[PDB]
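In what follows, a structure is listed as structure tokens, so that the remarks can point back to it.
The numbers here are math on the coordinates, done by the rules we state, and not lab data. We place every Cβ from the backbone using ideal geometry, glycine too, and count neighbours over all the protein chains shown.
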Amino acid sequence: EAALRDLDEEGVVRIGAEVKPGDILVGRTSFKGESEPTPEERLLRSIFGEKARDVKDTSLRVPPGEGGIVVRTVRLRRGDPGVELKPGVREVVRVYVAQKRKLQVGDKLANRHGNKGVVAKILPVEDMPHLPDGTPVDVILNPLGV
Amino acid sequence: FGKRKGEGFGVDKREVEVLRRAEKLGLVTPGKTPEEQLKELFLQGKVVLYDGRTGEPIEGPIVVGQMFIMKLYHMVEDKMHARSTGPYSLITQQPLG
Amino acid sequence: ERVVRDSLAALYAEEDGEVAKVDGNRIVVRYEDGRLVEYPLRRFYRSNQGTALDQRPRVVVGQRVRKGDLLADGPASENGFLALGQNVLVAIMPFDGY
Amino acid sequence: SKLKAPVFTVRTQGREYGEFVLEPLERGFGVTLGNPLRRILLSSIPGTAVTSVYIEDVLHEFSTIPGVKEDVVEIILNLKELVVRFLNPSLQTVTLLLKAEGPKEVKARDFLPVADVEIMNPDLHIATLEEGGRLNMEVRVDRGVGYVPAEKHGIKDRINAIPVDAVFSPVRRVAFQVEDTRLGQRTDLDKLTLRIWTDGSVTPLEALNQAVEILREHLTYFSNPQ
Amino acid sequence: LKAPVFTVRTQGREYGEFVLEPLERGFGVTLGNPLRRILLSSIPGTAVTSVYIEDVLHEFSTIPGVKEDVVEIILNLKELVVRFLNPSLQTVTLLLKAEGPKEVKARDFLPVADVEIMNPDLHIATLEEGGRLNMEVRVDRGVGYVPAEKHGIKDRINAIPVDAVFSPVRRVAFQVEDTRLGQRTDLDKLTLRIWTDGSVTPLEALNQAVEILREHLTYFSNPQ
Amino acid sequence: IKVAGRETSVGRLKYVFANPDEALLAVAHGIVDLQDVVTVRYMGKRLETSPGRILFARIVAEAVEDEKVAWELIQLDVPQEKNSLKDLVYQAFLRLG
Amino acid sequence: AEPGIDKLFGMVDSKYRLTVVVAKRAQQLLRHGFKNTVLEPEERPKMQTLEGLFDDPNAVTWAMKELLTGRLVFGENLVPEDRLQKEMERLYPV
Amino acid sequence: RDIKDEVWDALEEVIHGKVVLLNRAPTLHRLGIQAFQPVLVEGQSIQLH
Ligand SMILES: Nc1ccn([C@@H]2O[C@H](COP(=O)(O)OP(=O)(O)OP(=O)(O)O)C[C@H]2O)c(=O)n1
């Protein structure tokens, strides 16, 4: 239930949630093939009093290094009005996910003169060069670039 | 600066050590008031700068100013990737790309 | 300014008039022609490259607007000038390797 | 011979600004004292700032409320400013409250009052509402230190509660002059003048004491060697 | 926020390494940067401050029957190290005469009361037979560094003033590297190294430095 | 300036240190700059260089932990630039590993 | 650099014969639990875990330090392969 | 979410002593690839010497 706490009854994440790598965005089930349990596996379940289940977790999770705040979901079925999809598809679900992106070490900066570089370090304001009236500079661009 | 010399603060001791140096460089005219000379550096785009790790000045006058600088579409978030093992290719059995 | 104009991303006033309502979602303007045109705001649209194409409003109720004035800022637009980045206080010096 | 304890002047202006002089100190102690205090004055001085927000009928930061011109992005960004001073010391966390409507330009004051809390910047603009525009917030401000960003503290009181970035530290700026001086006999001594600017939650002077206190506390760590 | 553990490693009387970790972000510099200043400014030691030699007018001359020049002798003399054992003491003259085929050392300085020559084998000059050396050296308690041409102290016409190497600290050097404690990873680690002349000791040198700093903290007491 | 025969400089007379620590303690206290040529006594021979040129040599000498060898490798009487430094690394490599 | 590498290159006739000796010895130790090591408990490579110091797992760090001691023999055609691979599983079991 | 802090102390243990290989864009010579002991870091970017 932990792994499901953010899904509506249909299997869609709730608009306005926080999703991170591993998280299911949409539960989906699919039927098992001619590998319906082999001996090794039928027996292992024979021990656990839970007999072979016939559907599978094919859900749509989030890929490594992505994630954000579910902003929206579109659900297109067929059997509903307006809609008809490529042959053999019952329903398609799209879920748009937002991220606020602060600047970070690795991002690339540039100015209109061809000066470009990758943020390599973020000092705390106390280390920044500053002028006598106490104000600290924002950016330190090395002169060897010019 | 004028804002300063009226708020109860004159020139600063590290601004003179810098000016000593700026003069050897040749940025400022020898024998001229601190304000006269800071003026001369300012006109050059240059100002006195203190390393915040020490309070000591930068041995020189620096170019500080206001610059238009954009964030490009190329962010580490879109580009950090690594794999122990994963999908493979039908005929070659070598990992996808 | 032109660039924001032709970029057809910022939002402007079709004829002289006055601002009826204003809102994170729409802007309705009473015109000298008695028409009540209601421009709605493309708020937080996803672009081909993922970069939020967001429209924000730049007038308040009652604001008396001549023709061709601004009503909402596109993305990368700040009162109608192309804002591709940020103005920062820049210092030009070696900094210890970084 | 050795110079002796110098004369501590103090020139507080309002609740925000201060000039703090020390005269005379041996040459080479202007900075010896003026920098490390400024470093502590920027990092380590506790303070307050908003930490989370429930807006009614809102579920995530990127939303939009009707009849309000500002988007939540800008409202969370107007609430970052809000500086809020605790009176009782052992208070760690408040929960301000708000609700306005009609054609009112909600400002920082329109927040309900609470005892042991003063809105040191009441004129701070929040949001613009028009005929029909509602609003019902529940801000949550917190004492704490430094800079702690939303992606880090995740504070949500309700469920649909947007974490916010906190500039805890109350120190808007810190400069310090060092000027030439003399105690009659000797030349090249230093007149340390320390500026401090502030929001009000703590004060230019209470900052300076708290700064020194930490500095003093740190030297204690050299007590016990191995 | 644990108690920052403090570690010492001394070779002898002239060198020690003092490491203090972990520390909140920025502090390894906010600390022993000032120490740096202080430990070079304000650690009271002693220093040869003037020298008179019997037939010697000015600094830039050669003594006859002597191998060294005048400056050479003044340089060796800049390197003498002496401790004042009586807290009251604050000045001293040192007298030394000898001649013939000898080479003088800091031992050969006529002894004095509560005045300890640390580095006695320190060579001063060599004499060839027929070579005379008869000289008086003034020595004061003081701090920091004072060029000769800027204290000028002269006890008699023809005594030369010498640059004043007070500080028993010879160099300070500190290195603040990044370090991590479990989850929190921005912490400063403050290694600090302190060279002394043996007069005072690195560890001693530090504690004084620390003391001087707290004391100035209290100079934020009685406003006006 | 030519002074009583040999050519020397004002600063090689005012300031004369018997060891390198002292010259750098002078630099510590505002007395001289690193780029000022002075007189200092390092490993016997009484030398005319700057304190900076002296600090450099200590940099090498402390890093390879062989003060004698490090003294032969550097060429001191000259500013370090791409070539001299390249030459130092090759020379270090051959004789120290 | 690798602690004491210049002397390692001195033992071998060609840098690549060091690499093979190292990597071989490195694995003699990985399968055997190090029990055949020719180090004493103070020479033991140690890593520092959060709890406290512990034997270095990296069998190559070991192999290289081991090589410096001189307590190893290197060369071609010194043993039958299978007389080693059990005399050692005898003297130090898996 | 499930990754607990002592995973990282566990990794630190893992890579002790061993090196990784770095390659940059055109391997023109033998040195578009060199080996390095890796020290872990937060943030995405690689740190080159
Ligand atoms: N088609 C390309 C384009 C780039 N590169 C790689 O990127 C390098 C190009 O960067 P430049 O700025 O053009 O070369 P630099 O040598 O870095 O120029 P500078 O001296 O001004 O730093 C060359 C090459 O390593 C490449 O291999 N193939």
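Summary table
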{"quantity": "Inter-probe distance in nm under a simple model that places probes 7 Å from Cα toward Cβ, at F:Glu62 and H:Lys18", "calculated": "3.7 nm"}
{"quantity": "In region D:163-218, trypsin sites (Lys or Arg not before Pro) in a DSSP loop with at most 14 other beta-carbon atoms within 10 Å", "calculated": "D:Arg182, D:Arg186"}
{"quantity": "For chain G: relative contact order, % (alpha-carbon pairs under 8 angstrom, 6 or more apart)", "calculated": "30 percent"}
{"quantity": "Loop GluC sites (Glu not before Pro), region C:1-96, which have at most 16 other Cβ atoms in a 10 Å radius of their Cβ (DSSP)", "calculated": "C:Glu1, C:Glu14, C:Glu15, C:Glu32, C:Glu78"}
{"quantity": "Residue-averaged [θ]222 nm for chain E, counting only DSSP H segments that reach four residues, each worth -39500 (n - 2.57)", "calculated": "-5000 deg cm²/dmol"}
{"quantity": "Relative exposure of B:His74, H:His49, G:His32, judged by other C-beta atoms within 10 Å (fewest first)", "calculated": "H:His49, B:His74, G:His32"}
{"quantity": "Per-residue [θ]222 nm for chain F (sum of -39500 (n - 2.57) over DSSP H runs n ≥ 4, rounded to 500)", "calculated": "-14500 deg cm²/dmol"}
{"quantity": "Calculated FRET efficiency for the pair A:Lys116/B:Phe42, C-beta based, R₀ 35 Å, to 0.05", "calculated": "0.75"}
{"quantity": "Within region E:45-166: Cβ-based charge dipole about Cα centre, in debye rounded to nearest 20 (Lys, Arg +1; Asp, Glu -1)", "calculated": "380 debye"}
{"quantity": "Net charge of neighbours whose Cβ lies under 11 Å from the Cβ of G:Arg25, counting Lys and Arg as +1 and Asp and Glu as -1", "calculated": "+2"}
{"quantity": "Cα-projected label distance for D:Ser1 with F:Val78, points at 7 Å along beta-carbon direction, nm", "calculated": "5.7 nm"}
{"quantity": "Inter-label distance, nm, simple model (7 Å from Cα along the C-beta direction), E:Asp186/G:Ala23", "calculated": "4.4 nm"}
{"quantity": "Cα gyration tensor, region D:47-168 - rounded (a/c under 1.5), prolate or oblate", "calculated": "oblate"}
{"quantity": "Integer Hz, Karplus 6.51/-1.76/1.60 couplings in order for region E:140-157, x for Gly and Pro", "calculated": "10, 7, x, 10, x, 8, 9, x, 5, 5, 9, 10, x, 4, 9, 8, 5, 2"}
{"quantity": "Whole-Hz couplings from phi, Karplus 6.51/-1.76/1.60, listed for region E:49-60; x for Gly and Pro", "calculated": "10, 8, 9, 10, 10, 4, 10, 10, 7, 10, 4, 9"}
{"quantity": "Entries of F:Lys68/G:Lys65; A:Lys121/D:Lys80; A:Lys102/B:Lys79; B:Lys24/D:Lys191 with Cα pairs more than 20 Å apart", "calculated": "F:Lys68/G:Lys65; A:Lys121/D:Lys80; B:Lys24/D:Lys191"}
{"quantity": "Near-label residues of region D:116-159 by backbone N, under 12 Å of a point 7 Å along Cα→Cβ of D:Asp110", "calculated": "D:124-137"}
{"quantity": "Rounded if a/c under 1.5, otherwise prolate or oblate - chain G, Cα gyration tensor axes", "calculated": "oblate"}
{"quantity": "Number of partner chain Cβ atoms within 10 Å, mean per residue of E:209-217", "calculated": "5"}
{"quantity": "Using a Förster distance of 41 Å, the FRET efficiency for A:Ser46-G:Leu30 (Cβ separation, nearest 0.05)", "calculated": "0.55"}
{"quantity": "All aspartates and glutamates inside 13 Å of F:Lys45 as judged from Cα atoms, apart from same-chain residues fewer than 8 positions distant", "calculated": "E:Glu68, E:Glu72"}
{"quantity": "Net charge of neighbours whose Cβ lies under 15 Å from the Cβ of A:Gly106, counting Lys and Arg as +1 and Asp and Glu as -1", "calculated": "+3"}
{"quantity": "Relative contact order %, chain B, counting alpha carbon pairs below 8 Å whose residues are six or more apart", "calculated": "18 percent"}
{"quantity": "Region F:39-93 versus region C:73-88: alpha-carbon centroid distance in Å", "calculated": "54 Å"}
{"quantity": "Peptide D:38-50, shielding by other chains (average Cβ, 10 Å cutoff)", "calculated": "4"}
{"quantity": "Within straight-line cross-link reach of G:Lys15, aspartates and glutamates at Cα separation under 19 Å, skipping those fewer than 8 residues along the same chain", "calculated": "G:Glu2, G:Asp6, G:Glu66, G:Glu76"}
{"quantity": "Estimated dipole of chain H in Debye, rounded to 20 [Cβ of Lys and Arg +1, of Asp and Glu -1, Cα centre]", "calculated": "480 debye"}
{"quantity": "Loop-located GluC sites (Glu not before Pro) in chain H whose Cβ has at most 15 other Cβ within 10 Å (DSSP)", "calculated": "H:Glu42"}
{"quantity": "Tilt relative to chain A, helix A:39-48 - C-alpha long axis, 0 to 90 degrees, to 10", "calculated": "90 degrees"}
{"quantity": "Links that overshoot a 32 Å alpha carbon limit, given the list E:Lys67/F:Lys86; B:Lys3/E:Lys189; C:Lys21/D:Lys107; F:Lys86/G:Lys24; D:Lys99/H:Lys4; A:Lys86/H:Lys4", "calculated": "E:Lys67/F:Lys86; B:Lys3/E:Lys189; F:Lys86/G:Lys24; D:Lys99/H:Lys4; A:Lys86/H:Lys4"}
{"quantity": "Efficiency of FRET between F:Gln91 and H:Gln34 - r from beta-carbon atoms, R0 30 angstrom, step 0.05", "calculated": "0.80"}
